[PDB]
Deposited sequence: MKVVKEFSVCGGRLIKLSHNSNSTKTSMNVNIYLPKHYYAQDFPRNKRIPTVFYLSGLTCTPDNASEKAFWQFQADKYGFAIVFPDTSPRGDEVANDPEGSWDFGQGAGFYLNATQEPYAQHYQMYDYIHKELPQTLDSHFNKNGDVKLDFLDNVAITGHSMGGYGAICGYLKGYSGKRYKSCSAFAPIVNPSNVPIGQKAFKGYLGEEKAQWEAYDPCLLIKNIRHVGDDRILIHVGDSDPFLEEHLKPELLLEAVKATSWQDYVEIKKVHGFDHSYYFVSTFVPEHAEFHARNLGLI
C-alpha cells in the first residue's frame, strides 16, 4: 500500500493510506491508527475494524470519535475503511451510490463493476494491510473486532453473523445500526439498486433473517447503543426488529440494546460511547 499522510496523535499515529483494490477495480482510501504499543522498543496487537455510515469518508470517524485514546489505553489498532468506491470512473442521492455502498457485493450493472464492498471489507483489505505491515506485529486476520455506525453498524453486525460459525470476528458492537434494511425505506433503495428486484437475493445480507439459524455459543454478545432523540430511529433504525427476531432462539438473551436518553445520531453520540465499547472489545480481544 501507499502512505498518503501520517499524523501524531496520543502516543501513536494516524496513517492515511491508498491502494489499488481488486474487489472494487479502483483506488481506495483507508485510515489506520497505530497505538503507542507499536512504537515501543523491546504478542500481536489485535485490531478493531470500524465501519462508517452514509456519506462519511475515513477522516470523519478518525477526527470525531477519539478512538485513539482508547487504543493506547488498551493496546489495539483501529482501521477506518471507506464506505464505497470513489472516483470519476465509478458510477454514482446521499443515500445511494458513492459514500453509500451498503457493504454488499453489487450484482446489478452499472454498480456490479466497482461496488464489491462486502469482499473489500472482509476479505481483501485485512490481508492487504497484513502484507503492508507484517514478525506479525499486528493481527488483521485472527484476533479481530468489528464495529460501526449506522450503515456501518449494519455492516458490522452482518459481517459478524455471516462469519460466526468460522469465528471470523471475535467481537461485535454497533452505534445506531440499521438492523433490518430489507423492510425499511433507506435499505430497500440500496438493495433494489445493487442486488435487483428479487427479494430472495436480499435475504443473505439481512441480520434479522440470518441470525435465527445461527447457533449462538458461549457468552458471546452483541452490544448496541442507540439514542432516543435519533431522527432515524423510528423509520429506519428500528432496533426493536432485531430483539423480536431473536425471540425464542439461542440468541435471545445475547443481543444487548441500550437506548440512551437525549442522544441523537451524531458523532457527539458516538464519541460519548466509544470508551464503553472500547472496554467491551478489549475484554473480548483478551487485552484485559
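- Coordinate coverage of the deposited sequence breaks at 43 to 46, 97 to 100, 143 to 145, these segments carrying no C-alpha atoms.
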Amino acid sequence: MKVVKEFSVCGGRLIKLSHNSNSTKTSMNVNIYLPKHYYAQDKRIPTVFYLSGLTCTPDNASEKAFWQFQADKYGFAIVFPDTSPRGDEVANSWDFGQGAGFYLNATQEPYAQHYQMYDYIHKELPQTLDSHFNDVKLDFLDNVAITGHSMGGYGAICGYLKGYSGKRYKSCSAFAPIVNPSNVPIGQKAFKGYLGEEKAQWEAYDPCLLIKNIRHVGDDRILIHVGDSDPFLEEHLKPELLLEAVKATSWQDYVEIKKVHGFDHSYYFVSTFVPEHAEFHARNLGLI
From here on, numbers count along this sequence of modelled residues.
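- Note on 152 to 160 vs 191 to 199: mean CA B-factor is higher in 191 to 199.
- In this entry, 106 to 114 has the higher mean Cα B-factor, the comparison being between 106 to 114 and 76 to 84.
- The PDB entry assigns its highest CA temperature factor, among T147, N92, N143, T128, to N92.
- Highest C-alpha temperature factor among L54, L34, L242, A65, as the PDB entry reports it: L242.
- In the deposited entry, the Cα temperature factor of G262 sits in the middle third of values across the chain's modelled residues.
- Remark: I178 belongs to the middle third of its chain, ranked by C-alpha B-factor as recorded.
- Split the chain's modelled residues into thirds by C-alpha temperature factor. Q252 is in the highest one.
- When all modelled residues of the chain are sorted by CA temperature factor, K123 is found within the middle third.
- Per the deposited record, the Cα B-factor of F49 falls in the lowest third when ranked against the other modelled residues of its chain.
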